[PDB]
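Below, each chain spelled out in residue letters.
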2 protein chains.
Amino acid sequence: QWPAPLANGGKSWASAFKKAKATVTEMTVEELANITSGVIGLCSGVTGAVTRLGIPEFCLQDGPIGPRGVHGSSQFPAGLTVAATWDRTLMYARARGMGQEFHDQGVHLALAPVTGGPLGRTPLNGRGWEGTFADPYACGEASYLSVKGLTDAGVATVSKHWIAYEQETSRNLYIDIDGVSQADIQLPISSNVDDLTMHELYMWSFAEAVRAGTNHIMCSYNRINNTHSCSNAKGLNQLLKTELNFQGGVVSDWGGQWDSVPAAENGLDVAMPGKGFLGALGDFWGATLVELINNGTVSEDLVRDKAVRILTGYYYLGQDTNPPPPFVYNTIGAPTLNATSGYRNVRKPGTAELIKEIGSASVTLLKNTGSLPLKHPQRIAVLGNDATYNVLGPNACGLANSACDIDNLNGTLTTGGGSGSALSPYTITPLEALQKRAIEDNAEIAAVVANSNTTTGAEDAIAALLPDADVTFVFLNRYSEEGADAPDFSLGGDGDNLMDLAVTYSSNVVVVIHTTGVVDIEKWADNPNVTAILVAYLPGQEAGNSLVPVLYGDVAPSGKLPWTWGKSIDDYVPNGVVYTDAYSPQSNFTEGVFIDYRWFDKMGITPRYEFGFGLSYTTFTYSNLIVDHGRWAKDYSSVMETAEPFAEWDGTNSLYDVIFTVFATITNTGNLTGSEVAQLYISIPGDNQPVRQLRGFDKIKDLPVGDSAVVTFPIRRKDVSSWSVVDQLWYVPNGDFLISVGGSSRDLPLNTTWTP
Amino acid sequence: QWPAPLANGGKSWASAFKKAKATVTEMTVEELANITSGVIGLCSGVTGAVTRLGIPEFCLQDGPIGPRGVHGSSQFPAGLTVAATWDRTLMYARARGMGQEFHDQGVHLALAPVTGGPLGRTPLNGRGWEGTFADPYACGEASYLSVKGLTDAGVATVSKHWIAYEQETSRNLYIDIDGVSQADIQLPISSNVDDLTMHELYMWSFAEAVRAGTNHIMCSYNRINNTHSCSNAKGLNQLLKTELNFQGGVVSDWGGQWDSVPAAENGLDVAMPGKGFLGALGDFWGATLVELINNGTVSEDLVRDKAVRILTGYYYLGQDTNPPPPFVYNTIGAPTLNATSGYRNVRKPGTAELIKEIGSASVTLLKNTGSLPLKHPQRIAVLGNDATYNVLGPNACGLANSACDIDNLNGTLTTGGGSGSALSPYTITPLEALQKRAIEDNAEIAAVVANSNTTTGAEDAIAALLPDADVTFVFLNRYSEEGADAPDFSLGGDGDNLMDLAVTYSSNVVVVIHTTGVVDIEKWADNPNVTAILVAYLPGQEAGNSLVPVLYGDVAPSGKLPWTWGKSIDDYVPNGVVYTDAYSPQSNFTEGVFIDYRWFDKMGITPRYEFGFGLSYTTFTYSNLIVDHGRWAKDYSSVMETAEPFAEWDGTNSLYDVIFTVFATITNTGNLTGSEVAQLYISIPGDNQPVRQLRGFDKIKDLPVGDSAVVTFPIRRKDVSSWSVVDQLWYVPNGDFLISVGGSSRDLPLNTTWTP
Ligand SMILES: CC(=O)N[C@@H]1[C@@H](O)[C@H](O[C@@H]2O[C@H](CO[C@H]3O[C@H](CO[C@@H]4O[C@H](CO)[C@@H](O)[C@H](O)[C@@H]4O[C@H]4O[C@H](CO)[C@@H](O)[C@H](O)[C@@H]4O)[C@@H](O)[C@H](O[C@H]4O[C@H](CO)[C@@H](O)[C@H](O)[C@@H]4O)[C@@H]3O)[C@@H](O)[C@H](O[C@H]3O[C@H](CO)[C@@H](O)[C@H](O)[C@@H]3O[C@H]3O[C@H](CO)[C@@H](O)[C@H](O)[C@@H]3O)[C@@H]2O)[C@@H](CO)O[C@H]1O
Ligand SMILES: CC(=O)N[C@@H]1[C@@H](O)[C@H](O[C@@H]2O[C@H](CO[C@H]3O[C@H](CO[C@@H]4O[C@H](CO)[C@@H](O)[C@H](O)[C@@H]4O[C@H]4O[C@H](CO)[C@@H](O)[C@H](O)[C@@H]4O)[C@@H](O)[C@H](O[C@H]4O[C@H](CO)[C@@H](O)[C@H](O)[C@@H]4O)[C@@H]3O)[C@@H](O)[C@H](O[C@H]3O[C@H](CO)[C@@H](O)[C@H](O)[C@@H]3O[C@H]3O[C@H](CO)[C@@H](O)[C@H](O)[C@@H]3O)[C@@H]2O)[C@@H](CO)O[C@H]1O
Ligand SMILES: CC(=O)O[C@@]12CO[C@@H]1C[C@H](O[C@@H]1OC[C@@H](O)[C@H](O)[C@H]1O)[C@@]1(C)C(=O)[C@H](O)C3=C(C)[C@@H](OC(=O)[C@H](O)[C@@H](NC(=O)c4ccccc4)c4ccccc4)C[C@@](O)([C@@H](OC(=O)c4ccccc4)[C@H]21)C3(C)C
Ligand SMILES: CC(=O)O[C@@]12CO[C@@H]1C[C@H](O[C@@H]1OC[C@@H](O)[C@H](O)[C@H]1O)[C@@]1(C)C(=O)[C@H](O)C3=C(C)[C@@H](OC(=O)[C@H](O)[C@@H](NC(=O)c4ccccc4)c4ccccc4)C[C@@](O)([C@@H](OC(=O)c4ccccc4)[C@H]21)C3(C)C
Ligand SMILES: CC(=O)N[C@@H]1[C@@H](O)[C@H](O)[C@@H](CO)O[C@H]1O
Ligand SMILES: CC(=O)N[C@@H]1[C@@H](O)[C@H](O)[C@@H](CO)O[C@H]1O
Ligand SMILES: *[C@@H]1O[C@H](CO)[C@@H](O)[C@H](O)[C@H]1NC(C)=O
Ligand SMILES: *[C@@H]1O[C@H](CO)[C@@H](O)[C@H](O)[C@H]1NC(C)=O
Ligand SMILES: *[C@@H]1O[C@H](CO)[C@@H](O)[C@H](O)[C@H]1NC(C)=O
Ligand SMILES: *[C@@H]1O[C@H](CO)[C@@H](O)[C@H](O)[C@H]1NC(C)=O
Ligand SMILES: *[C@@H]1O[C@H](CO)[C@@H](O)[C@H](O)[C@H]1NC(C)=O
Ligand SMILES: *[C@@H]1O[C@H](CO)[C@@H](O)[C@H](O)[C@H]1NC(C)=O
Ligand SMILES: *[C@@H]1O[C@H](CO)[C@@H](O)[C@H](O)[C@H]1NC(C)=O
Ligand SMILES: *[C@@H]1O[C@H](CO)[C@@H](O)[C@H](O)[C@H]1NC(C)=O
């Protein structure tokens, strides 16, 4: 029994809380029920107004790359893409730019960011791309900064999806169309997760989200230990609202709520989407919640807390005294909502170049045999539909980027499909950026952008073009979307065919991959004719113009992989996606904390490219490890505080105090200016413990040839602790702590031991 | 009986002739036969060397937009496209730029320009686009300047195709593969042409070519009065080499020569391609011509004249003392010629911008209801595959731009198909130019570039996109090629469908047409939803960036139609293309001189847009006609002279003396700077005579609002004459000459009468 704990406003929201409570205390039962459930409107979800007290409808709006379904905005790169920069500044600026467009379109609550659900159990996850690293620490850091960027713009965050939401297949959102109900077919997948794993792996990034001041959290579609996340008392009432001390609200995923009373008692604050979407995704608390309070079944006290948690965000971001503008676009779509759209342009100068910079900083060089950077080649060939436009238009796939035909030539993969996608004012195609440069060089350039397998002449055109080209670019992609997991690592479209042809007719093939996750290139990776391989992830609207400068040496590539690139899907955590028709599907997380590189490291498995890998046009030599135990500091800068119990607690100190700081020195040992992502790993001693765990990163920007720079890694008490299942608290174990530093999770030239 | 007249070198080539004759006089019979017939080589045709006297192989090379089948060059706009500028300066510069690329690739003889074959009898002609105006006077002027531009670059011209070559269908070039010979199937079409028509219509532009110093002329595939052009004594020996006093050589079209002895006796100088193309197109004079001289059948004298005519060009352009570089590309193609290609880059700074300027000057505004120039629209839609790249690459259609599949999306129509096409280093697509501008405006832009009739989702994508666009661009094309005539005026690809959809979903549709000739837009032209219509012809490699500035008002459109745009194919000269299986096909030119606008004017037929029509963004008011009879001048500036007999000949004067000059004044009466093409027409009195005939044009560049400029029209004796069939000479008739001036062939606000 995990009772609903009362909100008190915590640290930064004290005055907002007090206002929220004053306002909530005035409300009738109808009004409590109005604000805690969704109504029909232009946004993804809309809270009911409390019209007597001048509380307007709040506009809740997808999604984690910025406002979805909206014109007059910019298409930012996806979370995956910022992760790959390993650049905290970029992580924040991105979220801050997303925030002004959210705010300036009229959004009260952004359904963003993705802060560790899905985190990365399976590399086939259809929506893994919406997140950031397959790693609790790095996801933590990027989640914190993404939240800060959105809240600093005046927009309230719904960080998602809590929790253990690690596969799309059989997620089974509630839907009751006709009598054809989901409860009659299959329950959602049940993530069965042990207590140590839940704390050390899945909760980690959500602790960071909380600490950054996420105003809300979204409970996920999956069950946990066979109880829906949105009505799991242990999950919401104890882990989130007691141990993490979460003062904000729990919003249901759309169809995440499966009942009225348990949801009300077990931690849910907001029923979405309520009356939207024809009430087809369940509507368990409108009029129904009024009757439940009035007849004695759910206490008014309990619903008052829900309403206070909703209204805290509103007052803390000054949305009362500085209201967002009206929201003007029908993002639901006819015939579900028949309403006209207005028009607003929210693209500010500076945004296009920030989107660019994220691209240039993210693009990750995996193989370079000598063909890059390019100098001034005269004859360029380009292969792949990914090099050009969607032939039906950049937004032809619709409001959620998922409605084009299975075989359509969608063009450059600038984002993925689903609630996490967004419209584009244009797309700067790789081919167009490459042409621009080729003109500057008085060169020629030609591209085969048809489906090579089904267009008459395409193979003959490729055979004729490639042999006289000084360089051949092949552009490959792999679309995935929310709602399904990728069946395998296979390339999308005619990727396999394009690669076969290109190696047959050219011995200087440069391969660029725009993708939602890892793909299968085993057939080509080791061919000498493939001279370079880059992965550019999901770069948003500035696809071409962020990549070409890297290709041409204007700026050296500095991105590194945010997950592990294994040679086979068999090399990962088993049963990453469970396929069953069983009424009550089960997914046992028997691996525990061992996901991504932790699996590979513990199991002695060699990846093709490891977590934290990415090449430069230069080399960096790591020297002079320092662990400085006198460089400690009190945690003063968290927006909100958790109540995570820890052994070393003395009433005055924090789990997030920095206990020591570690330094290293990098030197540019090669022939060109370059940026380097230094990483730090710690092997924390214990039973059945990861070979090593990321606990720092620091990116040196534009280090000249011969120059050196210090890299600095503040280490927090938490960074060195384990969860005691027996004592239910964090503690620093006894033993030798190996501290490693270098350029990847497997290129760790500096090691030392720390023993407390 | 029309004897072969001996070359004497004429006016400018006197010293070259003397050298040519000295060299020819040394040759053996083998060597005479070597240089007058084609050999295997990298070029379209190659004359045999005279190796003992250090006379190298000459490289004869297509085509009239510049060197075909070659990399490292530029794709110039087609002749049609320069005609539409009505800009003499552009006409010359184009040809001069074509010349340096020809010369710098190693070409001795350019198979260019097209100087009145085809001229424009039928608007369905598959290769009409290679020419310039459907008008003897204007074609004359552009032919003269095109020749001058090429010869001034050091390249010898083969002006083509002499003569009455007015349809591709049943042109029936000689070809003897196996025993499957063309003589066994069908003779070439027989242009049956009367003497007055041949002189006043078809010979006119070739007189100009001669006068500009065309070094060679190509005899055509067709028969005339049932005798092959290439062996028509009256045509070659008398009309060309006696009356026009042509001092240069007659090169056969490739398969234009049908026999050995008549060709030798009746005016042919050079048998092409001889041993090239497997000797499959006839090889009537190699070893065969040696035996004919040696056995007494053809006089050595006669073949000496052929060789002197070939070598005159060589010496006059200093190709002996300043040889072209070696020619490096296999332009024939395997398996016909199995030879590797080298590489040379010949693109000079300044050429891309000249190609652009020709585009900007040519694009012709046909309808403007108020939607242009654009200001700064925020939402742009674009329709049509013509807006983007060929999906297989810009040169995927091969060496003659004619080998892509019937349904391939070839992209922007930057040139036509056949021997007159050329490769492209890139193509600047309309969409890419429009995107560039749209970015500058912080606008959005989306394009449906699939085949709207056969791609799943394309019609739904168009329906969704168009209604919220501030403006919809539809890009339409119509490919034709040498070897076939267009069956009708129908749009290519899915043009009809695109236009239907666009008017259904948008009321501000702007239509841009890239075409080889007139098309059928009757279904849409009068729809209020079509707010503007432009025809951009064949703009070459700078398609997009020449059009967008005109669209946006950066420069006002100043092009005008070089032919008549009739509402129906039935409105033109009858039997424009004759289709028959008759062994000896006949085409009687019963219309006489009445082709294009002369037909329409005489027959009282209203075109949709007349010859010489094109709108501005301003208006020009024409005032103050002056005919100044004291402004006469002696013809001093012709490179070579004709021997056209004329009644007013006194031993001292010329048919090309300017006898008076006529002036008018234009004033910019509208609201914007603009350029205007003033035209002058003369109605020459007589029996069965054209309502009026173009005899001048003058383009005022960038006339500011309120300002005025004088327009000046020098009139030549020839410009006012008729051919006397009875007396076989030119004469100025008696009667009233109406002299009209204005902005089109039907907008002639200034008239006066001249009576000698
Ligand atoms: C699998 C998992 O993660 N389960 C967790 C629960 O562990 C967790 O609840 C905590 O459990 C703590 C005890 O730890 C041991 O608990 C389990 C023991 O039961 C076993 O069940 C299995 C059968 O399925 C058996 O294999 C096992 O032998 C044992 O069962 C049986 O043993 C007897 C035979 O000898 C038999 O007679 C009985 O039938 C008996 O049931 C065990 O599952 C667990 O193992 C996991 O962890 C270890 C170590 O990492 C790992 O190696 C294993 O593989 C497993 O993964 C472990 O060995 C218990 O101490 C906790 O209780 C504290 O906390 C709560 C809430 O805060 C308090 O109410 C309670 O009073 C107590 O707190 C007080 O005491 C401590 C100091 O003692 C103070 O610090 C504290 O502040 C406070 O004052 C707790 O109940 C729950 C939490 O909800 O999540 C599950 O997922
Ligand atoms: C159709 C066409 O264009 N044909 C031209 C030929 O015209 C041209 O050759 C020139 O012809 C000049 C004569 O003009 C008249 O000629 C034709 C007369 O023959 C007719 O044939 C048809 C039948 O098919 C009949 O309809 C017609 O009645 C006549 O035939 C018969 O008439 C008699 C009945 O009364 C009968 O007894 C006979 O059977 C006779 O054959 C005629 O076709 C032509 O008509 C065209 O032009 C007019 C006017 O534009 C037009 O209205 C018509 O519709 C037609 O289109 C026209 O009426 C002739 O003067 C020329 O001869 C000069 O030139 C050559 C070469 O330079 C010299 O060798 C010759 O000596 C002479 O030159 C000398 O004389 C003049 C002054 O007289 C001097 O200036 C000059 O310097 C020199 O000293 C010439 O033969 C040929 C050229 O190759 O092309 C054809 O296509
Ligand atoms: C069914 C469904 O998913 O509905 C939507 C509407 O809201 C949900 C959520 C989803 O997005 C998000 O999840 C992350 C949260 O942070 C967001 O707040 C949330 O929006 C939605 C909005 C969305 O954008 C998503 O991209 C979409 C999906 C996934 C489409 O859903 C499906 O394709 C369903 O599989 C399919 N279900 C069945 O066929 C079915 C199974 C069993 C029994 C009965 C039926 C389905 C269901 C309804 C309609 C089509 C397909 C659907 C979305 O269109 C969108 O849903 C609707 O538009 C809609 C749903 C129900 C009634 C009326 C309209 C989802 C689509 C945008 C493509
Ligand atoms: C048949 C033919 O046209 O041959 C070519 C080779 O030279 C001729 C001329 C043509 O271009 C030009 O005309 C203007 C002049 O100024 C130029 O100097 C001249 O080159 C050619 C070079 C060319 O570029 C043209 O674009 C091409 C055409 C038109 C192709 O010709 C055909 O499609 C023929 O209709 C077809 N004929 C028959 O099928 C046939 C009819 C009756 C009896 C027997 C056969 C044909 C013939 C041969 C091969 C394919 C098709 C062919 C060109 O490829 C090119 O010709 C050859 O490559 C070639 C011809 C013969 C033997 C070996 C090679 C013409 C093509 C470039 C596409
Ligand atoms: C469905 C409906 O009645 N909507 C009204 C809306 O028109 C009004 O502006 C608002 C004031 O809070 O209250 C809503 O309830
Ligand atoms: C087919 C052949 O023999 N070609 C030769 C060529 O190698 C040589 O350079 C040239 C000198 O004029 O003479 C040609 O006849
Ligand atoms: C309370 O109301 C709910 C919702 O109307 C209903 O399901 C339930 O049976 C009611 N209970 C009582 C005790 O009236
Ligand atoms: C939207 O309109 C269509 C008919 O135009 C109708 O079928 C549909 O039910 C409407 N939707 C709603 C929610 O009223
Ligand atoms: C590499 O490319 C060349 C063509 O340039 C081809 O001949 C060769 O077979 C290719 N090598 C491999 C390993 O595919
Ligand atoms: C998951 O683990 C539980 C706990 O032992 C087990 O009882 C259950 O049957 C397992 N389900 C699987 C492997 O699907
Ligand atoms: C002259 O030679 C040609 C070509 O070889 C031949 O056709 C003809 O019959 C010969 N004539 C004589 C009279 O020998
Ligand atoms: C070119 O080579 C092919 C085989 O590679 C051969 O069939 C053809 O006849 C060759 N052409 C010539 C003109 O020798
Ligand atoms: C013009 O466009 C509108 C849509 O904007 C359409 O309703 C109307 O039918 C069209 N008019 C014509 C003449 O096609
Ligand atoms: C062309 O005109 C001639 C001269 O009158 C005539 O004899 C011939 O039969 C005509 N051919 C046609 C109309 O095809």
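Residues numbered from 1 in each chain as written, not as in the entry; some residues may be left out. Chains lettered and ligands numbered in written order. Heavy atoms only, no water. Residues with missing side-chain atoms left out of burial classes, pairs and counts.

- For this deposited structure, the header cites X-ray crystallography as the method used and 2.46 Å as the resolution.

- As annotated in the PDB entry, chain A carries the name Beta-D-xylosidase/beta-D-glucosidase and is attributed to Lentinula edodes.
- Its PDB record names the entry "Bifunctional xylosidase/glucosidase LXYL with intermediate substrate xylose".
- UniProt, in its Pathway (unreviewed entry) section for chain A, records the words "Glycan metabolism; cellulose degradation."
- Recorded under Function (unreviewed entry), the UniProt text for chain A is reproduced unchanged: "Beta-glucosidases are one of a number of cellulolytic enzymes involved in the degradation of cellulosic biomass. Catalyzes the last step releasing glucose from the inhibitory cellobiose." (UniProt positions renumbered as here; feature names shortened; annotations may be inferred.)

Comments concerning the overall build of chain A
Inference 1: Counting its secondary structure elements, chain A contains 16 helices and 27 strands.
Inference 2: Taking 27 Å as the expected radius of gyration for a compact globule of 756 residues, we find that chain A reaches 26 Å, a close match to that expectation.
Inference 3: In terms of principal-axis extent, the alpha carbons of chain A reach across some 80 × 65 × 50 Å.
Inference 4: In chain A, 79% of the contacts between residues at least 6 apart in sequence involve partners at least 24 apart. (Helix = DSSP H or I, 4+ residues; strand = E, 2+ residues; numbered from the N terminus. Rg over C-alpha atoms; globule rule 2.2 N^0.38 Å. Contact = heavy atoms within 4.5 Å.)

A short note on the site of ligand 12
Residues and elements named next belong to chain B.
Inference 1: Residues in contact with ligand 12, as listed here, are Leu 278, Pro 335, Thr 336 and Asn 338.
Inference 2: Contact between ligand 12 and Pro 335: a nitrogen atom at 2.9 Å from a main-chain N or O atom of the residue.
Inference 3: Contacts to ligand 12 include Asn 338, whose side-chain N or O atom sits 2.3 Å from an oxygen atom.
Inference 4: Looking at the shell around ligand 12 residue by residue, the classes come out as two nonpolar, two polar and no charged. (Near = heavy atom within 4 Å. Polar contact = N/O pair within 3.5 Å; in protein donor to acceptor, adjacent residues only side chain to side chain. Nonpolar A, V, L, I, M, F, W, Y, C, P; charged D, E, K, R; others polar.)

Comments concerning the interface of chain B and chain A
Inference 1: Taken together, the contact pairs 38 residues of chain B with 38 residues of chain A.
Inference 2: Of the roughly 3100 Å² buried where chain B meets chain A, counting both sides, 49% is carbon and sulfur surface.
Inference 3: Considering only the surface of chain B that becomes buried against chain A, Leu 392, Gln 435 and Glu 444 of chain B emerge as the three largest contributors, covering 19% of it.
Inference 4: The interface formed by chain B and chain A holds two salt bridges in total.
Inference 5: Note that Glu 444 of chain B and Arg 347 of chain A form a salt bridge whose closest N and O atoms lie 3.9 Å from each other.
Inference 6: Along the contact surface separating chain B from chain A lie 28 residue pairs in polar contact.
Inference 7: Every element with two or more residues in the side of chain B that touches chain A is listed here: α12 (430-440), β14 (444-448) and α13 (458-465) of chain B.
Inference 8: A per-element tally of the side of chain B that touches chain A places β14 of chain B first, with five residues. (Buried area = accessible area lost by both parts, 1.4 Å probe. Salt bridge = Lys/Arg side-chain N within 4 Å of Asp/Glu carboxyl O.)

A look at the state of the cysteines
All names here are of chain A.
Inference 1: Using the criterion set out here, one finds six disulfides over all chains in the structure.
Inference 2: Across the disulfide, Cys 43 is cross-linked to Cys 59 (sulfur-sulfur distance 2.0 Å). Because the torsion about its S-S bond is -105 degrees, the bridge between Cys 43 and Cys 59 counts as left-handed. Taken together, the residues span a long stretch of sequence, with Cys 43 in the loop between α2 (29-35) and β1 (45-46) and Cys 59 in strand β2 (residues 59-62) at a distance of 16 residues.
Inference 3: Residue class for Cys 43 comes out buried when judged on its relative accessible area of 5%.
Inference 4: Judged by relative accessible area, which is 5%, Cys 59 ranks as buried. (Disulfide = S-S within 2.5 Å. Buried < 20%, exposed > 50% of the residue type's maximum accessible area, 1.4 Å probe, protein only.)

Observations regarding the packing of helix α1 (residues 14-25) of chain B against helix α10 (residues 300-316) of chain B
Residues and elements named next belong to chain B.
Inference 1: Running from N to C, α1 and α10 point in directions that differ by 130 degrees, and their axes come no closer than 8 Å. Of the possible angle classes, the one that applies to α1 and α10 is oblique. In this structure, α1 crosses over α10, and the sense of that crossing is right-handed. Of α10, the residues touching α1 (which contributes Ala 16, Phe 17, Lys 19, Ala 20, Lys 21, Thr 23, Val 24 and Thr 25) are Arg 304, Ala 307, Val 308, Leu 311, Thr 312, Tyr 315 and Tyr 316.
Inference 2: Grouping the amino acids of the contact of α1 with α10 by side-chain chemistry returns nine nonpolar, three polar and three charged. (Axes fitted to C-alpha atoms, helices over the stretch in contact; angles between N-to-C directions. Parallel < 35°, antiparallel > 145°, perpendicular 65-115°, else oblique. Left-handed = near helix turned anticlockwise from the far one by under 90°.)

Focus: the side chain of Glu 676 of chain B
All names here are of chain B.
Inference 1: Examined against the element boundaries, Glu 676 turns out to sit in strand β21 (residues 674-683).
Inference 2: Look at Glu 676 and you get buried, because its relative accessible area is 7%.
Inference 3: A polar contact of 2.6 Å, which involves the side chain of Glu 676, links it to the side chain of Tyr 622.
Inference 4: Beyond its immediate chain neighbours, meaning those up to four positions away, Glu 676 contacts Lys 560, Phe 620, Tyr 622, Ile 666, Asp 698, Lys 699, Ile 700 and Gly 743.

Brief notes about the relation of the copies chain B and chain A
Inference 1: Each copy superposes on the other: chain B lies on chain A with an RMSD of 0.0 Å after a rotation of 180 degrees and an axial shift of 0.0 Å. Look at the turn and shift together and you get a two-fold axis relating the two. In terms of C-alpha distance to the rotation axis, chain B has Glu 432 of chain B as its closest residue, with the C-alpha 3.8 Å off the axis.
Inference 2: Take the interface residues of chain B: 100% of them recur as interface residues in chain A, which is what a same-surface contact looks like. (Least-squares fit on C-alpha atoms.)

Some words on the sheet that holds strand β22 (residues 693-703) of chain A
Residue and element names in this part refer to chain A.
Inference 1: Spatially, four strands are ordered β22-β21-β26-β27 in an open sheet, and the strand pairing comes out antiparallel. In this open sheet, the two edge strands, each paired with only one partner strand, are β22 and β27 (750-754). Each strand axis lies, on average, 15 degrees off the axis of its neighbour in the sheet, ignoring direction.
Inference 2: As judged from the five bridges shared by strand β26 (residues 737-742) and β27, these two strands associate in the antiparallel manner. By the bridge assignment, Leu 738 is partnered in β27 with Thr 753. (Pairing = 2+ DSSP bridges.)

What about the sheet that holds strand β16 (residues 509-515) of chain B?
All names here are of chain B.
Inference 1: Sheet architecture is open: six strands sit in the order β12-β17-β16-β15-β13-β14, paired in mixed fashion. Of all strands in the sheet, those with a lone pairing partner are β12 (364-368) and β14, marking the two edges. Shown here is a sheet whose adjacent strand axes are inclined to one another by a mean of 15 degrees, direction ignored.
Inference 2: Summarising the sheet, strand β13 (residues 379-383) and β14 pair through five bridges and their orientation is parallel. Directly across from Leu 383, in β14, lies its bridge partner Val 448.
Inference 3: Packed on one face of the sheet, α13 meets β13 and β14 and runs near 155 degrees to β14.

Section: unusual backbone geometry
All names here are of chain A.
Inference 1: Of the consecutive residues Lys 160 and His 161, the connecting peptide bond is found in the cis state with omega at 0 degrees.
Inference 2: Along the polypeptide, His 161 turns up in strand β4 (residues 156-162).
Inference 3: Going from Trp 162 to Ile 163, the amide bond is cis rather than trans, its omega being 5 degrees.
Inference 4: Here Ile 163 is to be found in the loop between β4 and β5 (176-177).

A look at the pattern of salt bridges
Residues and elements named next belong to chain A.
Inference 1: Across all of its chains, the model carries 62 salt bridges over all chains by this definition.
Inference 2: With its nearest N and O atoms 3.4 Å apart, the salt bridge here joins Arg 127 to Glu 482. Separated by 355 residues along the polypeptide, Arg 127 in the loop between β3 (109-111) and α5 (136-152) and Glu 482 in the loop between β15 (471-478) and α14 (495-505) bring together distant segments of the chain. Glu 482 matches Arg 127 in its accessibility class, with the two residues each being buried.
Inference 3: Salt bridges linked by common partners bring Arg 127, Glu 130, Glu 168, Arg 171 and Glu 482 together as one network.

What to know about helix α11 (residues 351-362) of chain A
Inference 1: If you check α11 of chain A, its first and last C-alpha atoms are 17 Å apart, about what twelve residues at 1.5 Å a residue would give, namely 16 Å.
Inference 2: Residues of α11 of chain A that are buried in the fold lie against α3 (79-83), α4 (88-105), β12 (364-368), β17 (530-535), α15 (543-551) and β22 of chain A. (Expected span 1.5 Å × (residues − 1).)

What to know about the environment of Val 193 of chain B
Residue and element names in this part refer to chain B.
Inference 1: Relative to the helices and strands, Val 193 is located in the loop between β7 (190-192) and α6 (195-212).
Inference 2: When the C-alpha atoms of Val 193 and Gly 592 are compared, they prove to be 7.6 Å apart, with 399 residues separating the residues in sequence.
Inference 3: Discounting residues that sit within four places of it in the chain, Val 193 has contacts with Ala 164, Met 198, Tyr 202, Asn 225 and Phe 589.

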